[PDB]
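A.B. asks: Data: final_18.pdb, PDB, C-alpha atoms.
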ATOM      1  CA  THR H   1       0.000   0.000   0.000  1.00  0.00           C
ATOM      2  CA  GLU H   2       2.631   2.475   1.129  1.00  0.00           C
ATOM      3  CA  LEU H   3       5.812   1.565  -0.710  1.00  0.00           C
ATOM      4  CA  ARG H   4       8.797   3.702  -1.632  1.00  0.00           C
ATOM      5  CA  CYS H   5      12.072   3.393  -3.506  1.00  0.00           C
ATOM      6  CA  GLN H   6      14.338   0.371  -3.268  1.00  0.00           C
ATOM      7  CA  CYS H   7      17.252   2.730  -2.751  1.00  0.00           C
ATOM      8  CA  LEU H   8      17.372   5.809  -0.555  1.00  0.00           C
ATOM      9  CA  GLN H   9      20.746   6.776  -1.971  1.00  0.00           C
ATOM     10  CA  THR H  10      22.740   6.345  -5.159  1.00  0.00           C
ATOM     11  CA  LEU H  11      26.264   6.607  -6.514  1.00  0.00           C
ATOM     12  CA  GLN H  12      27.603   9.220  -8.905  1.00  0.00           C
ATOM     13  CA  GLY H  13      29.595   6.627 -10.810  1.00  0.00           C
ATOM     14  CA  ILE H  14      31.938   4.059  -9.313  1.00  0.00           C
ATOM     15  CA  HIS H  15      34.561   1.973 -11.071  1.00  0.00           C
ATOM     16  CA  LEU H  16      32.943  -0.617 -13.307  1.00  0.00           C
ATOM     17  CA  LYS H  17      35.781  -2.910 -12.301  1.00  0.00           C
ATOM     18  CA  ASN H  18      33.853  -3.812  -9.172  1.00  0.00           C
ATOM     19  CA  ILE H  19      30.371  -3.827 -10.657  1.00  0.00           C
ATOM     20  CA  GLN H  20      29.492  -7.341 -11.755  1.00  0.00           C
ATOM     21  CA  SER H  21      25.836  -6.757 -12.539  1.00  0.00           C
ATOM     22  CA  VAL H  22      23.408  -3.899 -13.057  1.00  0.00           C
ATOM     23  CA  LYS H  23      19.753  -3.853 -12.072  1.00  0.00           C
ATOM     24  CA  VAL H  24      17.329  -1.117 -13.053  1.00  0.00           C
ATOM     25  CA  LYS H  25      14.033  -0.780 -11.226  1.00  0.00           C
ATOM     26  CA  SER H  26      12.049   2.055 -12.761  1.00  0.00           C
ATOM     27  CA  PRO H  27       9.515   3.950 -10.638  1.00  0.00           C
ATOM     28  CA  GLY H  28       5.958   2.879  -9.909  1.00  0.00           C
ATOM     29  CA  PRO H  29       2.722   3.861  -8.153  1.00  0.00           C
ATOM     30  CA  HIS H  30       4.832   4.225  -5.032  1.00  0.00           C
ATOM     31  CA  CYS H  31       8.250   5.481  -6.064  1.00  0.00           C
ATOM     32  CA  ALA H  32       8.060   8.141  -8.751  1.00  0.00           C
ATOM     33  CA  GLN H  33      11.832   7.981  -9.017  1.00  0.00           C
ATOM     34  CA  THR H  34      14.344   5.624 -10.586  1.00  0.00           C
ATOM     35  CA  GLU H  35      16.623   3.378  -8.564  1.00  0.00           C
ATOM     36  CA  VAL H  36      19.520   1.629 -10.261  1.00  0.00           C
ATOM     37  CA  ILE H  37      21.042  -1.180  -8.231  1.00  0.00           C
ATOM     38  CA  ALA H  38      24.232  -2.853  -9.395  1.00  0.00           C
ATOM     39  CA  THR H  39      25.730  -5.984  -7.889  1.00  0.00           C
ATOM     40  CA  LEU H  40      29.349  -5.901  -6.784  1.00  0.00           C
ATOM     41  CA  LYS H  41      31.722  -8.635  -7.889  1.00  0.00           C
ATOM     42  CA  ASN H  42      32.546  -8.941  -4.207  1.00  0.00           C
ATOM     43  CA  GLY H  43      28.949  -9.750  -3.349  1.00  0.00           C
ATOM     44  CA  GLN H  44      28.077  -6.197  -2.382  1.00  0.00           C
ATOM     45  CA  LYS H  45      25.823  -3.716  -4.140  1.00  0.00           C
ATOM     46  CA  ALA H  46      26.221  -0.120  -5.253  1.00  0.00           C
ATOM     47  CA  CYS H  47      23.265   2.016  -6.266  1.00  0.00           C
ATOM     48  CA  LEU H  48      23.842   4.386  -9.161  1.00  0.00           C
ATOM     49  CA  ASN H  49      22.320   7.747 -10.006  1.00  0.00           C
ATOM     50  CA  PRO H  50      19.848   7.616 -12.904  1.00  0.00           C
ATOM     51  CA  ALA H  51      20.366  11.355 -13.167  1.00  0.00           C
ATOM     52  CA  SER H  52      24.035  11.010 -14.033  1.00  0.00           C
ATOM     53  CA  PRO H  53      25.598  10.913 -17.506  1.00  0.00           C
ATOM     54  CA  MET H  54      28.114   8.452 -16.113  1.00  0.00           C
ATOM     55  CA  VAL H  55      25.393   5.977 -15.219  1.00  0.00           C
ATOM     56  CA  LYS H  56      24.643   5.608 -18.911  1.00  0.00           C
ATOM     57  CA  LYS H  57      28.264   4.667 -19.490  1.00  0.00           C
ATOM     58  CA  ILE H  58      28.587   2.221 -16.619  1.00  0.00           C
ATOM     59  CA  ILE H  59      25.664   0.207 -17.933  1.00  0.00           C
ATOM     60  CA  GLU H  60      26.254   0.218 -21.671  1.00  0.00           C
ATOM     61  CA  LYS H  61      29.791  -0.828 -20.821  1.00  0.00           C
ATOM     62  CA  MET H  62      28.530  -3.561 -18.526  1.00  0.00           C
ATOM     63  CA  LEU H  63      26.529  -5.092 -21.350  1.00  0.00           C
ATOM     64  CA  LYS H  64      29.807  -5.026 -23.241  1.00  0.00           C
ATOM     65  CA  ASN H  65      31.949  -6.113 -20.315  1.00  0.00           C
ATOM     66  CA  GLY H  66      35.118  -5.976 -22.380  1.00  0.00           C
ATOM     67  CA  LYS H  67      35.934  -5.503 -26.046  1.00  0.00           C
ATOM     68  CA  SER H  68      39.534  -4.376 -26.357  1.00  0.00           C
ATOM     69  CA  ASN H  69      41.140  -2.300 -23.630  1.00  0.00           C
TER      70      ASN H  69
ATOM     71  CA  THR D   1      32.172 -24.552  -9.269  1.00  0.00           C
ATOM     72  CA  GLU D   2      30.074 -25.397 -12.304  1.00  0.00           C
ATOM     73  CA  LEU D   3      27.721 -22.493 -12.897  1.00  0.00           C
ATOM     74  CA  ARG D   4      25.984 -21.354 -16.061  1.00  0.00           C
ATOM     75  CA  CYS D   5      23.686 -18.580 -17.224  1.00  0.00           C
ATOM     76  CA  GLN D   6      20.817 -17.270 -15.132  1.00  0.00           C
ATOM     77  CA  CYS D   7      18.702 -17.049 -18.263  1.00  0.00           C
ATOM     78  CA  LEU D   8      17.340 -20.242 -19.773  1.00  0.00           C
ATOM     79  CA  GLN D   9      15.338 -18.319 -22.347  1.00  0.00           C
ATOM     80  CA  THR D  10      15.182 -14.902 -23.969  1.00  0.00           C
ATOM     81  CA  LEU D  11      12.845 -12.598 -25.854  1.00  0.00           C
ATOM     82  CA  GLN D  12      13.675 -10.767 -29.061  1.00  0.00           C
ATOM     83  CA  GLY D  13      11.429  -7.750 -28.641  1.00  0.00           C
ATOM     84  CA  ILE D  14       8.895  -7.359 -25.856  1.00  0.00           C
ATOM     85  CA  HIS D  15       6.424  -4.687 -24.817  1.00  0.00           C
ATOM     86  CA  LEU D  16       7.871  -2.109 -22.455  1.00  0.00           C
ATOM     87  CA  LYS D  17       4.402  -1.858 -20.963  1.00  0.00           C
ATOM     88  CA  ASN D  18       4.758  -5.175 -19.176  1.00  0.00           C
ATOM     89  CA  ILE D  19       8.382  -4.750 -18.169  1.00  0.00           C
ATOM     90  CA  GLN D  20       8.564  -3.058 -14.789  1.00  0.00           C
ATOM     91  CA  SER D  21      12.254  -3.592 -14.137  1.00  0.00           C
ATOM     92  CA  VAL D  22      15.423  -4.546 -15.975  1.00  0.00           C
ATOM     93  CA  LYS D  23      18.249  -6.684 -14.644  1.00  0.00           C
ATOM     94  CA  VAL D  24      21.572  -7.013 -16.427  1.00  0.00           C
ATOM     95  CA  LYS D  25      23.970  -9.683 -15.224  1.00  0.00           C
ATOM     96  CA  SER D  26      27.050  -9.795 -17.420  1.00  0.00           C
ATOM     97  CA  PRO D  27      28.906 -13.084 -17.926  1.00  0.00           C
ATOM     98  CA  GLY D  28      31.382 -14.603 -15.500  1.00  0.00           C
ATOM     99  CA  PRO D  29      33.915 -17.415 -15.054  1.00  0.00           C
ATOM    100  CA  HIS D  30      30.992 -19.766 -15.546  1.00  0.00           C
ATOM    101  CA  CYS D  31      28.943 -18.252 -18.345  1.00  0.00           C
ATOM    102  CA  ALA D  32      30.716 -16.365 -21.106  1.00  0.00           C
ATOM    103  CA  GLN D  33      27.374 -14.931 -22.153  1.00  0.00           C
ATOM    104  CA  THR D  34      25.048 -12.221 -20.900  1.00  0.00           C
ATOM    105  CA  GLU D  35      21.708 -12.853 -19.234  1.00  0.00           C
ATOM    106  CA  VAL D  36      19.415  -9.843 -19.267  1.00  0.00           C
ATOM    107  CA  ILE D  37      16.503 -10.443 -16.924  1.00  0.00           C
ATOM    108  CA  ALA D  38      13.633  -7.976 -16.851  1.00  0.00           C
ATOM    109  CA  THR D  39      10.893  -8.023 -14.241  1.00  0.00           C
ATOM    110  CA  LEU D  40       7.263  -8.008 -15.312  1.00  0.00           C
ATOM    111  CA  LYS D  41       4.729  -5.576 -13.901  1.00  0.00           C
ATOM    112  CA  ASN D  42       2.654  -8.658 -13.175  1.00  0.00           C
ATOM    113  CA  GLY D  43       5.356 -10.201 -11.020  1.00  0.00           C
ATOM    114  CA  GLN D  44       6.766 -12.328 -13.815  1.00  0.00           C
ATOM    115  CA  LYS D  45      10.064 -12.047 -15.650  1.00  0.00           C
ATOM    116  CA  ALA D  46      11.075 -11.967 -19.298  1.00  0.00           C
ATOM    117  CA  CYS D  47      14.638 -12.770 -20.290  1.00  0.00           C
ATOM    118  CA  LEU D  48      15.958 -10.551 -23.056  1.00  0.00           C
ATOM    119  CA  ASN D  49      18.460 -11.324 -25.790  1.00  0.00           C
ATOM    120  CA  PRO D  50      21.759  -9.528 -25.150  1.00  0.00           C
ATOM    121  CA  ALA D  51      22.379  -9.533 -28.884  1.00  0.00           C
ATOM    122  CA  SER D  52      19.401  -7.699 -30.331  1.00  0.00           C
ATOM    123  CA  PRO D  53      19.009  -4.122 -31.581  1.00  0.00           C
ATOM    124  CA  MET D  54      15.618  -4.022 -29.901  1.00  0.00           C
ATOM    125  CA  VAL D  55      16.845  -5.410 -26.600  1.00  0.00           C
ATOM    126  CA  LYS D  56      18.932  -2.261 -26.368  1.00  0.00           C
ATOM    127  CA  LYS D  57      15.843  -0.143 -26.920  1.00  0.00           C
ATOM    128  CA  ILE D  58      13.621  -1.906 -24.413  1.00  0.00           C
ATOM    129  CA  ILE D  59      16.187  -1.488 -21.662  1.00  0.00           C
ATOM    130  CA  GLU D  60      17.438   2.029 -22.285  1.00  0.00           C
ATOM    131  CA  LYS D  61      13.800   3.062 -22.442  1.00  0.00           C
ATOM    132  CA  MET D  62      13.083   1.249 -19.197  1.00  0.00           C
ATOM    133  CA  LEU D  63      15.580   3.521 -17.487  1.00  0.00           C
ATOM    134  CA  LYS D  64      13.407   6.333 -18.790  1.00  0.00           C
ATOM    135  CA  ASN D  65      10.100   4.626 -18.100  1.00  0.00           C
ATOM    136  CA  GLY D  66       8.122   7.598 -19.355  1.00  0.00           C
ATOM    137  CA  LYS D  67       4.428   6.924 -18.881  1.00  0.00           C
ATOM    138  CA  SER D  68       2.946   5.015 -15.969  1.00  0.00           C
ATOM    139  CA  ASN D  69      -0.512   3.487 -16.165  1.00  0.00           C
TER     140      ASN D  69
END
Can the structure from this file be put into structure tokens for me?
C.D. replies:
Amino acid sequence: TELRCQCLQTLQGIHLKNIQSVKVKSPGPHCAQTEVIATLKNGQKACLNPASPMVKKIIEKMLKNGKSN
Amino acid sequence: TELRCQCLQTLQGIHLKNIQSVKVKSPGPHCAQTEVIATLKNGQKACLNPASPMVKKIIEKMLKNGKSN
């Protein structure tokens, strides 16, 4: 009934060397804000800022993982 | 020790009206392939194909959401 966001905070853009996975959970009838949650390769998690131009480079890269240095 | 992909299936173009969330889990030392998992607004999930020109338009858009019935 009274839900919110899955993340109260977010990152501005951390090294993608730690990020092992990226999860995007758009807003809803509860949270009218985005909340990107990435999984750390260490088992941790680091929320990203969907209002950052670096968050659109940490994802697209993730889907690429590695191409050539 | 012997892990694989977290996606047994995939969809090559799905409605962004059903998708409520997007999950991207790059490959690892087990699976050398991607496994995009998107959450349904019904509680279900629809695996996407990390090798489609539309799968990169259903995700990027998800981060934008836009409308909200």
A.B. asks: First superpose chain H onto chain D using a least-squares fit over all Cα atoms taken in order; then report the RMSD in Å.
C.D. replies: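 Root-mean-square deviation of the C-alpha atoms: 2.0 Å.
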A.B. asks: Just to confirm, what's the straight-line distance from CA of residue 3 (chain H) to CA of residue 42 (chain D) in Å (one decimal)?
C.D. replies: 16.4 Å
A.B. asks: Can you spell out as an mmCIF file with C-alpha atoms, in the coordinates of the input the set of residues that the PyMOL selection byres ((chain H) within 12 of (chain D)) selects in the structure I just provided?
C.D. replies:
data_model
loop_
_atom_site.group_PDB
_atom_site.id
_atom_site.type_symbol
_atom_site.label_atom_id
_atom_site.label_comp_id
_atom_site.auth_asym_id
_atom_site.auth_seq_id
_atom_site.Cartn_x
_atom_site.Cartn_y
_atom_site.Cartn_z
ATOM 1 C CA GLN H 6 14.338 0.371 -3.268
ATOM 2 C CA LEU H 16 32.943 -0.617 -13.307
ATOM 3 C CA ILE H 19 30.371 -3.827 -10.657
ATOM 4 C CA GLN H 20 29.492 -7.341 -11.755
ATOM 5 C CA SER H 21 25.836 -6.757 -12.539
ATOM 6 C CA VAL H 22 23.408 -3.899 -13.057
ATOM 7 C CA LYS H 23 19.753 -3.853 -12.072
ATOM 8 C CA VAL H 24 17.329 -1.117 -13.053
ATOM 9 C CA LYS H 25 14.033 -0.780 -11.226
ATOM 10 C CA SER H 26 12.049 2.055 -12.761
ATOM 11 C CA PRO H 27 9.515 3.950 -10.638
ATOM 12 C CA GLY H 28 5.958 2.879 -9.909
ATOM 13 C CA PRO H 29 2.722 3.861 -8.153
ATOM 14 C CA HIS H 30 4.832 4.225 -5.032
ATOM 15 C CA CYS H 31 8.250 5.481 -6.064
ATOM 16 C CA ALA H 32 8.060 8.141 -8.751
ATOM 17 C CA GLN H 33 11.832 7.981 -9.017
ATOM 18 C CA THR H 34 14.344 5.624 -10.586
ATOM 19 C CA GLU H 35 16.623 3.378 -8.564
ATOM 20 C CA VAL H 36 19.520 1.629 -10.261
ATOM 21 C CA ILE H 37 21.042 -1.180 -8.231
ATOM 22 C CA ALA H 38 24.232 -2.853 -9.395
ATOM 23 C CA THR H 39 25.730 -5.984 -7.889
ATOM 24 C CA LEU H 40 29.349 -5.901 -6.784
ATOM 25 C CA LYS H 41 31.722 -8.635 -7.889
ATOM 26 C CA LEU H 48 23.842 4.386 -9.161
ATOM 27 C CA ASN H 49 22.320 7.747 -10.006
ATOM 28 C CA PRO H 50 19.848 7.616 -12.904
ATOM 29 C CA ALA H 51 20.366 11.355 -13.167
ATOM 30 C CA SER H 52 24.035 11.010 -14.033
ATOM 31 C CA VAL H 55 25.393 5.977 -15.219
ATOM 32 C CA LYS H 56 24.643 5.608 -18.911
ATOM 33 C CA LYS H 57 28.264 4.667 -19.490
ATOM 34 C CA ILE H 58 28.587 2.221 -16.619
ATOM 35 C CA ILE H 59 25.664 0.207 -17.933
ATOM 36 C CA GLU H 60 26.254 0.218 -21.671
ATOM 37 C CA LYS H 61 29.791 -0.828 -20.821
ATOM 38 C CA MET H 62 28.530 -3.561 -18.526
ATOM 39 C CA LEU H 63 26.529 -5.092 -21.350
ATOM 40 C CA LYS H 64 29.807 -5.026 -23.241
ATOM 41 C CA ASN H 65 31.949 -6.113 -20.315
ATOM 42 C CA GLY H 66 35.118 -5.976 -22.380
#
A.B. asks: What does the distance from CA of residue 14 (chain H) to CA of residue 46 (chain H) come to in Å, to one decimal?
C.D. replies: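 The value is 8.2 Å.
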A.B. asks: Measure the distance from CA of residue 7 (chain D) to CA of residue 17 (chain H) in Å and round it to one decimal.
C.D. replies: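 Taking CA of residue 7 (chain D) and CA of residue 17 (chain H), their separation equals 23.0 Å.
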A.B. asks: For region 34-46 of chain D, take all atoms listed in the file, fit an axis-aligned box around them, add 3 Å to each of the six sides, then output centre and edge lengths in Å rounded to one decimal, as lines of an AutoDock Vina configuration file.
C.D. replies:
center_x = 13.9
center_y = -9.2
center_z = -16.0
size_x = 28.4
size_y = 13.3
size_z = 15.9
A.B. asks: Can region 24-35 of chain D be brought up to N, CA, C and O atoms and written out as a short mmCIF file (atom, residue, chain, number, x, y, z; two decimals), in the frame of the given file?
C.D. replies:
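File written: rebuild.cif
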data_model
loop_
_atom_site.label_atom_id
_atom_site.label_comp_id
_atom_site.auth_asym_id
_atom_site.auth_seq_id
_atom_site.Cartn_x
_atom_site.Cartn_y
_atom_site.Cartn_z
N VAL D 24 20.49 -6.63 -15.54
CA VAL D 24 21.57 -7.01 -16.43
C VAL D 24 22.69 -7.67 -15.61
O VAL D 24 23.28 -7.03 -14.74
N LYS D 25 22.94 -8.93 -15.92
CA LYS D 25 23.97 -9.68 -15.22
C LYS D 25 24.98 -10.21 -16.24
O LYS D 25 24.81 -11.31 -16.78
N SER D 26 26.01 -9.42 -16.47
CA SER D 26 27.05 -9.80 -17.42
C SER D 26 27.51 -11.23 -17.15
O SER D 26 27.09 -11.84 -16.17
N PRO D 27 28.38 -11.73 -18.06
CA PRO D 27 28.91 -13.08 -17.93
C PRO D 27 29.96 -13.16 -16.82
O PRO D 27 30.36 -12.14 -16.26
N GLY D 28 30.38 -14.38 -16.53
CA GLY D 28 31.38 -14.60 -15.50
C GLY D 28 32.31 -15.76 -15.88
O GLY D 28 32.41 -16.12 -17.05
N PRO D 29 32.99 -16.31 -14.84
CA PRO D 29 33.92 -17.42 -15.05
C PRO D 29 33.16 -18.72 -15.30
O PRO D 29 33.77 -19.78 -15.46
N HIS D 30 31.84 -18.61 -15.32
CA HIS D 30 30.99 -19.77 -15.55
C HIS D 30 30.30 -19.64 -16.91
O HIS D 30 30.38 -20.55 -17.73
N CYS D 31 29.65 -18.51 -17.10
CA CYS D 31 28.94 -18.25 -18.34
C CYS D 31 29.64 -17.10 -19.06
O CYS D 31 29.81 -16.02 -18.50
N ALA D 32 30.04 -17.37 -20.30
CA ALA D 32 30.72 -16.36 -21.11
C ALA D 32 29.69 -15.61 -21.95
O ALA D 32 30.02 -15.05 -22.99
N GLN D 33 28.45 -15.61 -21.46
CA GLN D 33 27.37 -14.93 -22.15
C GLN D 33 26.56 -14.09 -21.17
O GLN D 33 26.57 -14.35 -19.97
N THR D 34 25.87 -13.10 -21.72
CA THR D 34 25.05 -12.22 -20.90
C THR D 34 23.69 -12.86 -20.63
O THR D 34 23.28 -13.79 -21.32
N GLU D 35 23.02 -12.34 -19.61
CA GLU D 35 21.71 -12.85 -19.23
C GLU D 35 20.83 -11.72 -18.70
O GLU D 35 20.68 -11.57 -17.49
#
